[PDB]
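S.K.: curious how this folds, go ahead:
(2 chains)
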There are 2 protein chains.
Amino acid sequence: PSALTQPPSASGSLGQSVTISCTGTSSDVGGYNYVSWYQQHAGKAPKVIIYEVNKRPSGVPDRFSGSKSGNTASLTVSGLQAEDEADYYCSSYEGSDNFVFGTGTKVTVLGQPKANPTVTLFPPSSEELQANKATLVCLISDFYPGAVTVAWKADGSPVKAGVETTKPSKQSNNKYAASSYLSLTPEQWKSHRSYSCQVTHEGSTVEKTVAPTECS
Amino acid sequence: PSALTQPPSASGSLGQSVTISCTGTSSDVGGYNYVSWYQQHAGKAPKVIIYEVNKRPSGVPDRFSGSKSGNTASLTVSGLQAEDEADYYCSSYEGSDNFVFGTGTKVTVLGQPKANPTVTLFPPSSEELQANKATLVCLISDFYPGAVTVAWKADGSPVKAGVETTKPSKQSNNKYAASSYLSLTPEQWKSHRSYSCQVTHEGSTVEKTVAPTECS
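M.R.: Numbers count the residues shown, from 1 in each chain, chains lettered A, B, ... in the order given. Next up is the structure itself:
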């Protein structure tokens, strides 16, 4: 056999909806009443949301409703509400106590509003300085979509080195959470004027600066 | 619901045998004894590689072994092979609709030396308090491999609200970064004796604490 087919992509638009097919062979979907559907945000753990099609459990939101029609297994994600951007899968039973999956449906939600990020720059703490290190981090939070860039300024002749940006991760909200750090010697921190992290996010550039005369 | 605990990293060479466990974060066993192991490779089919604690489905090899202890269900990849690299998960069943999934695991074949995180927690800058909001930022760096646990504490109190963990990036050193932020209610930041960012990585659990002041 194989893995009971799932459409590689799907699109709703908040308020609108989306229905996901789980097409299989007559010995699995439509054969036993044992279709299940799962939810997966970037690893985490999958969360069973549907076990013998039909029904949703109370630790699942009610707009998740699934039904099979002959061999078309389907799941409606009604009224579409964005948070459910996710990578799903589907299952049903085969033979000797064995279960096969759908090949996953990447899913989205259109109409999510764009957001330019809060750039919250941090001067090194005292404890760091007391160990002889001097790391500066730029928290880049709550931007949609995840197209951001990060540049560092030591002043104007800019930091080429030491910089470590991150590829934007997933918030509990389809807004993204990146960070960008600099590793300095104190003998380099104080021997400066002001450092900045400049954050570019489509339309805007958003800078945060910091002076070696910070508090602690 | 939710309540099973599975380790961040899992790793070996080739040849090397790796055990992955999963402990029940509340009373289950006595109750349920039919737990399940799911292998997920990067962008493909979650395949149940163990059914009901030890039974190997058709297809599965034998250097895959399910077992328990008492609250820990465990799998054992007793002869490591390159396409062993993946994202195992553990699973469960409670009431009708009550299927509990572990938080996941990564199995890495080491083709690089091990590197434990380098935690550097940053307390809210003076200026940011001046802007009436408080954000601690836990920073994890220089580790291998890119799978790690993060936890936050406000005087013991394992607090979950306000955390957000970014996923591991490869830094330009073949080691990973990661970063957990916490956007606090600034007074609530006054009124706590300490704050701890905790990072679990295979064989090492580092706890980094911070206490407040109102400087300058």
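
S.K.: how is chain A carved up into domains?
M.R.: A:1-111, A:112-212 (curated CATH domains).

S.K.: now the helices: where do they sit in chain A?
M.R.: Secondary structure of chain A by DSSP state H: the helices cover A:126-129, A:186-189.

S.K.: re earlier: would you turn the domains of chain A into JSON lines with mean neighbour count and distance to residue B:147?
M.R.: Quick note: C-beta positions are derived from backbone N, CA and C, even for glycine. Putting those into JSON lines (neighbours: other C-beta atoms under 10 Å in any protein chain shown; distance: least, C-beta to C-beta, whole Å) gives the following:
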{"stretch": "domain A:1-111", "mean neighbour count": "18", "distance to residue B:147": "9"}
{"stretch": "domain A:112-212", "mean neighbour count": "18", "distance to residue B:147": "14"}
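
S.K.: now chain A against chain B: closest residue?
M.R.: Closest to chain B within chain A is residue A:57: 3.1 Å, counting by C-beta to the nearest C-beta.

S.K.: roughly how far apart are that residue and residue A:64?
M.R.: If you measure residue A:57 against residue A:64 using C-beta to C-beta, to the nearest Å, the figure is 9 Å.

S.K.: overlap in contacts, the two.
M.R.: With contacts taken as C-beta atoms under 8 Å, 6 or more residues apart in numbering or on different chains, the residues that reach both residue A:57 and residue A:64 are residue A:49.

S.K.: among the domains of chain A, which is nearest residue B:6?
M.R.: domain A:1-111 (8.4 Å; C-beta to C-beta).

S.K.: between the two ends of the closest one, how far is it?
M.R.: End-to-end span of domain A:1-111 (C-alpha to C-alpha, to the nearest Å): 39 Å.

S.K.: list the contacts for the nearest residue to residue A:174 once chain neighbours are set aside?
M.R.: Of all residues not flanking residue A:174 in the chain, residue A:85 sits nearest, at 4.9 Å (C-beta to C-beta, 6 or more residues apart in numbering or on different chains). When contacts are counted by C-beta under 8 Å, 6+ apart, residue A:85 touches A:41, A:107-109, A:112, A:174.

S.K.: and those residues, which two are furthest apart?
M.R.: Farthest pair in the contacts of residue A:85, by C-beta to C-beta: A:41 and A:112, 14.7 Å.

S.K.: for chain A, longest strand please?
M.R.: strand A:173-184 (DSSP state E).

S.K.: point out the other helices and strands that it packs with.
M.R.: In terms of contacts (3 or more C-beta pairs under 8 Å, 6 or more residues apart in numbering or on different chains; DSSP states H and E), strand A:173-184 is packed against strand A:134-143, strand A:149-153, strand A:164-165, strand A:169-171, strand B:134-143, strand B:163-171, strand B:175-184.

S.K.: now the ones you listed as a markdown table including distance to residue A:73?
M.R.: Below are these laid out as a markdown table (distance: least, C-beta to C-beta, whole Å):
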| stretch | distance to residue A:73 |
| --- | --- |
| strand A:134-143 | 36 |
| strand A:149-153 | 42 |
| strand A:164-165 | 42 |
| strand A:169-171 | 27 |
| strand B:134-143 | 41 |
| strand B:163-171 | 31 |
| strand B:175-184 | 37 |
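
S.K.: not counting its neighbours along the chain, what's nearest the residue nearest in space to the middle of chain A?
M.R.: Most central in chain A under C-alpha atoms, centre = their mean is residue A:170, positioned 2.6 Å from the mean C-alpha point. In space, and not counting its chain neighbours, residue A:170 is closest to residue A:42: 5.3 Å by C-beta to C-beta, 6+ apart.

S.K.: ok, back up a step: and the residue nearest to the centre of chain A, what are its bridge partners?
M.R.: Counting by DSSP bridges, residue A:170 is bridged to residue A:176.

S.K.: test my guess that it contacts residue A:177.
M.R.: Yes - counting by C-beta atoms under 8 Å, residue A:170 touches residue A:177, with 7.4 Å between them.

S.K.: among the helices and strands packed on strand A:173-184, which comes closest to residue B:116?
M.R.: The closest of these to residue B:116 is strand B:134-143. By C-beta to C-beta, the value is 6.2 Å.

S.K.: that's all I had, so thanks and see you.
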